[PDB]
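Single chain ahead, by itself, as structure tokens, in the form deposited in one PDB entry.
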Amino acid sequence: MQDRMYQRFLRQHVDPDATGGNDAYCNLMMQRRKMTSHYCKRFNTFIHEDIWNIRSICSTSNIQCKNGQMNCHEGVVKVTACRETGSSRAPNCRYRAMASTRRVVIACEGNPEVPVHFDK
């Protein structure tokens, strides 16, 4: 289940291919990665880095998670932040994109340590 969570993370948060994001990117991606299937997910972040580029953050120095756990790691990546427009209803969900290179923090579990949870 360490792994199955890792898969869930990849699905929900990783698109290496996409460069940056516009509004139509989100609309498409949120639907494709199965986050509008029933209800529109308020807010989601997509990381635009290669999968291995990311897993490498699990080998940067540890820091303390929001929840007090010590398995969090920080790094600087390109992302698209998808936030729900409000003028969206379900399941015809609609989003406003926000591209930026920014700091992120991810929990890493398992052996080897793989990313399983987005903290910030």
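Sequential numbering from 1, following the sequence displayed.
What comes next is about the form solved in complex with a small molecule, which does not appear here.
Notebook entry, point to check: Going by heavy atoms within 4.5 Å, which of 39 to 47, 89 to 97, 55 to 63, 69 to 77 lines up against the small molecule in the deposited complex?
Noted result: In the other structure, the partner sits against 39 to 47.
Margin query: Please determine whether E113 contacts the small molecule in the deposited complex, using a 4.5 Å cut-off between heavy atoms.
Written below: The answer is no: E113 has no heavy atom within 4.5 Å of the small molecule.
Checklist line | is_contact(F118, the small molecule) in the deposited complex, heavy atom dist at most 4.5 Å | finding: Heavy-atom contact with the small molecule at 4.5 Å: present for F118.
Note to self: in the deposited complex, does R8 come within 4.5 Å of the small molecule, counting heavy atoms only?
What the structure shows: Taking the distances in the deposited complex, the answer for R8 is yes, it comes within 4.5 Å of the small molecule.
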